[PDB]
Structure formats: C-alpha cells, structure tokens
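Values reported hereafter were calculated over all heavy atoms of this structure, with side chains retained and with hydrogens, waters and symmetry mates removed. In what follows, chains carry the letters A, B, and so on, assigned in the order in which the sequence lines appear, proteins first and then strands, with residues in each chain numbered from 1.
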Amino acid sequence: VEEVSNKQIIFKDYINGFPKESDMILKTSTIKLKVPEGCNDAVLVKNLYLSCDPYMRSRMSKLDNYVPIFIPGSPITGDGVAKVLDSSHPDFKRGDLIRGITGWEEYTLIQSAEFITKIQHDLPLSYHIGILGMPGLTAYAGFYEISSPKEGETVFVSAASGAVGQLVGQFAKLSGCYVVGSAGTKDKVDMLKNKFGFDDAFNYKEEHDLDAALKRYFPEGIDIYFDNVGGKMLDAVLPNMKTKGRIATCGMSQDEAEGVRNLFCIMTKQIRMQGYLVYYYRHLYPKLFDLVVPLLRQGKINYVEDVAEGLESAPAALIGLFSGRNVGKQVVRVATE
Amino acid sequence: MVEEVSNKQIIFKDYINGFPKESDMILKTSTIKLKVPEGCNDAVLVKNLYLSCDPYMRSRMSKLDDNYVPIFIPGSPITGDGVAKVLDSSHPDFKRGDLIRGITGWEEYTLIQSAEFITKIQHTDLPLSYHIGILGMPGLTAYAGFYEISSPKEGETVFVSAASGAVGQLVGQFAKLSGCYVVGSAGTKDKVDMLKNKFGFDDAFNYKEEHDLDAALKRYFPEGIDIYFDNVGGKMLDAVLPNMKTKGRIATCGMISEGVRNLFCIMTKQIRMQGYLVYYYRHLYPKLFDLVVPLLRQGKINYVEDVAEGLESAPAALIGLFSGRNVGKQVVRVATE
C-alpha cells in the first residue's frame, strides 16, 4: 500500500478580530492510501474541489454552535467534491465521485459517510458544490418552497452575485417576475444584468440613500425579498415591501449587529418573513436537478464560480471571500480528476 | 319641531411628532339637530354610548407617507370604534332604536354618512362595551392571530407580551384552552396577578422588575418558546428571538415603536415571523362570536376592561393607554342606554 504526503490547511486557534491568512497554516503530513483494517463504514477520498462559504468565519471563534466549531490543530472542514480511493462502506466504491463534508487536505478518511452523497453524473465536477449542490438547493428552497412566487411579482435579491443570489434571480425570471439585485462592484452589477438576466441591478456602495434606491427600481414596492445580508439593507427593504409580501431569510453582514428598526412594517405590510436551513430541505434535491440540469444544457441558466488553484491558495481564497473580493461561488481546486 | 341639543366633541388639535399629550385634543361644545339632514341619503344619526381606545390610534396622530391607517383630521373630532344607538336614519339597513358598533366620532352624537363601517349589534345579552373589545376588533385580532396565523399545537410553549392588554389577554386564553403552556408579561404586580388568577396563565412576570429579559425568559421557558404573540416588539422581541424553539413561530399581533439585533435567529432557528392586520379578517367575525360567546356564559373565558367615565375623560384615557396606565381594554362611557 502506498504511503504519500498529505498537505493540509490546519486551523491555528480561535480568533477575535477579522480572520487572517495567518490563522491557517499549511502542514505536510502523511497518510496510507487505504482504509485501516477494523475501520468499518468508512470512506477514504481524494479531494478535488473545496467550497469557501461565508458561514465558516463564525467557526473560527470560540462561539459555543449554530454551525459546529473548528477544532484548533485540526484541518479545516467543509463541503467539497472528492473521489473515493477505498471504502469499507457498502454504499461507496473506488472511483465513485462524492459531494459532502470533507477535509481541507489532499486526502481524507471520512468515517461518518452520512454527510456525503454519490454524485449523479456530464457537467463540470465543481458544479456539485454550487448550482448542483447546497447553494443551488438553498436558492431552490428559499424561492420556490418558501417565497411562493407568482408571475408578475417583484423580487429583490441582496448579495445577488453570490452562488445563491445568482440562481434566485434566474429562478425569478423563469417564473415571470421582475427581479432586481444588489452587489458591491460595477462588474458584478453588469454581470447580474448581462449574464443572469436580472432586469436591473445597482451598486449598494455607490448609493448612499438606500430607500431612494429601492423606490427607483420598485416604485410600487417589492413582493419577494430574498435576504442574503440582513442588517441595514433589510431595514431599507422593510418599508418598501408590498402588502402580504414575503421575505426569505437565507443568510445575514452580521461584531455588534446593526439594529433593525423597521420591523413594525411586518405588521403594517402583513409580511411573512421565514428563515430556513438548507439541511432541512435535502428531500428537494431531485426537484432541483430535474429543473436546472435540463436548462443548464439548454443554455438558459448560467453559473459563475471563482476557482482558486491549489490547496495552498485556500487561505487567501477564504479571506478574499470574507472581504467580498470573490466573483461568484468561491472554490478551491485541490486536484484534477 | 326636532330637538337641537348641545354636542360635546373631542377635537384633534394638529399633527404631532413626539409622545402624544392631552393638549393634542381639545374639548368643544357644538350643537346638532337630532335628525338626518334632508337630501343626505344612506346616513345614520347615532347617540354614542361607548368609545374604544386602541394603540393604533397613536399612528393616526402623525402625518407620514405610507400612513397604513387614515390619519386624524385637525379641527374635526377624533374617530374610532364605538357602540352607539341610532336616532334617525336615511339608510335602509338601520332604523331608530338599533344598537350598532363601528367607526364613529368622539362626540355625543355623530352623523355617520358612511354606514359601511358600522354593523348592527345582535346578541345584546352581554354588556354593550364588549362589542368593541372581546367581541370587537381586539377579539377579532386575537382570533385571527391564534387560529389563522400561529398554527398552535397542544403542549407547545406560548409567550404573550402585553398580556394584560385586549389582544394579549385573549390569545393567551385561546392558547390555554388548546392545551398550551402560556406565560405573559405585564408592567405591574396587579397585572401579573391578574394574568395568573383570572386569565388562567401558567405563569407571568413583570418586565420592569425582571430587567434581565434573557434571564427572565430562560427562567420561565427553560426549553424555549414555540409561539411568541408579539404585541410590543422592540427589546422584548429581541430578547425572545434567541429563546425561541426550532421552527418556532412569531405572530406579530401589534407593536409599539430600540433596534432589534438578534434577527439572525430567524435563520438559525428557522423561525416564521408573520404580521397581519385585523381589517383583512372581518369575514371571521361569526367564527369569533360562535367560539367566545358560549365560553363567556360558561365562565371559561374572562374579559377585563378599563372604563373611563364621561367624554371629557377620553383624552386622559387615550394617553394613559399609550403610557401603559390602563388595566385591560380601555373604553370610555359617553352615555347610557
């Protein structure tokens, strides 16, 4: 059996300030390319793609646990695409491509096996941690399952250039809705309208009065607000909601949180604001695939990712995501197939 | 021929932008002839008996864009829900001697030229003032929030803010009759003792004397809150948010104007927060009477009202309600019969 080096991105220690590249350290360990004997229901994988997600910043502080905390001295963990090298688990074989929670390393011994799933098939492998993965399912559940979209309704999407937002907007146009998105750069604003079919889009940092901005695009209010940021943007959105409007709380800019002062609009506008966790909607994966996979090949839905090259660039890619410098879904390619 | 009598009125002075005061209303003695004017059709002349004081009337005293309620008119009497007796009528559905409830003037006599805002009172076995409280819009607000919004199940833990108020004292009782563990919050010792000894609440606390709201909620809800009936919002809603249960529900029944910063719990705990206006649920009135009238005769549900006497006391009763000095639903007896 081969014994190879296993480069790893180790989590240094819990922090209190803004995360730095110094909080992760590249460590070259070793591993034998076989599931240990006596280790049953385990899967040894080689990691190909790693997901950089915004929820992972909270895992870097001793906050005790919406999302489980990073263990210092251990590798970073998160969603990814991997290839099964060996398995003591009946539902996985050599050469199977999987998606789920793996280690920020070249090779991982997944003992759980419950948080990984066989990849169904033609399209780029990295799509299964994006439009065909948890971000896609998140967009599907927040828009179709929770927001109850009707044709002709008005939709506003915050952080629209991200993986979730860019799919919500395309879902909105498919349902015949007028959709507007907000983003942080001119290139993202242009990308939202030139590639994702957004009816309009604006740069929320060049607009100092956000109420005037939303009135400009929604002269009669917003039916559906897909909330990726919360905070100040949600406060500006609340008085601009239509009666019986709906807010899908997918994520939150939130170390003191911005006070939200317009929640009386929940009553005066009769808003239904609903939060959700994508993990509670795994049963909708077939509906997502059955919808997006045909139109992905029919070229009516696009998807933009930001691929960092090599495991060594994963720290820089993560903090760049924390700093909003990513363009689309941030991804680290650890190895080719 | 026909009587010309004095008609005392409570006149609205002018729009405000602060905390309302008694000097925002002015007592005025006008005259009126006790007949519907000739050539004025579909009108109903009434003698007002009871006037309602409701929290939404604070918003009618300020002029904003997006007013959500029709504002008051300076120089004209205050208007609101009331119980009145018809003296004359040019309207087919109302005749002399009928007792009606609906929007009327803060005065001894009102010429109601609408009639769409008034309906005949039919039971007339219960006290007349009940038709602007437990059998009026507050009772209807309570029924809609509990039976149409909140989705309660038996054994669920329910929290009610402003539980001694009109809406709070009846959803908390609707919750008990469905088998819920119910706790309410109020401002004085007598109000806490009233929720436990008369409204059958499991427990209750004084939010002034238990200033650490998080510790108070943890003390009475060791396992979290399933349903929060929000009547105040603000810091109380902020303290409730991290104390909700997973998939908990918040029915925004009302709100009195502090920035909320724990809205991340909406996503963390998958909470549904939904607001509503009772004016969209007038069709549920028969359901309310069908349910509450038998429970009243059987003594299964109680109703506490605050009766101020004389039209002249209406300014102070209205401000006292805004200041929390009322004990239960605040009404004003203008005349008997």
CZ on A:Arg261 to OG on B:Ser257, rounded to 0.5 Å: 6.5 Å

Crowding at CD, B:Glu258 (>12 non-hydrogen neighbours, <6.0 Å): no

Side chain B:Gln270, main chain A:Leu277, donor-acceptor under 3.5 Å: yes

Distance in Å, B:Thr268 OG1 paired with A:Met252 CE, rounded so as to fall on 0.5 Å steps: 9.0 Å

Neighbour count above 12 (heavy atom, 6.0 Å) for B:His211 NE2: no

Atom CD of B:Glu116: over 12 foreign heavy atoms under 6.0 Å: yes

Residue A:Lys242 excluded, over 12 heavy atoms near NZ under 6.0 Å: yes

Chain B contact via A:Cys250 - side chain, backbone, both or neither, heavy atoms under 4.5 Å: backbone

A:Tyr66 side chain reached by B:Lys269 side chain, heavy atoms, under 4.5 Å: no

Which atoms of B:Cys265 approach chain A - backbone, side chain, both or neither, heavy atom under 4.5 Å: neither

Working for side chain to side chain contact (heavy atoms under 4.5 Å, CB included), residues A:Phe264 and B:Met255: CA-CA 6 Å; A:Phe264 69 97; B:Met255 208 175 288; 4.0 Å; yes

Residue of the set B:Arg249, B:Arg272, B:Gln274 for which side-chain contact (heavy atoms from CB on, under 4.5 Å) holds with A:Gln274: B:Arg272

Value rounded to 0.5 Å, distance of CE in A:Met267 from CE in B:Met273: 12.5 Å

Per-residue contact mode, A:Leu234 against chain B (heavy atom under 4.5 angstrom): side chain

Full working for side chain to side chain contact (heavy atoms under 4.5 Å, CB included) between B:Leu263 and A:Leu263: CA-CA 10 Å; B:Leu263 276 185; A:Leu263 281 174; 3.9 Å; yes

Spacing of A:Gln254 atom CD and B:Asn262 atom CG [to the nearest 0.5 Å]: 10.5 Å

Interatomic spacing from NZ in A:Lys244 to OH in B:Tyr280 - rounded to 0.5 Å: 7.5 Å

Whether over 12 other heavy atoms sit under 6.0 Å from B:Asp212 CG: yes

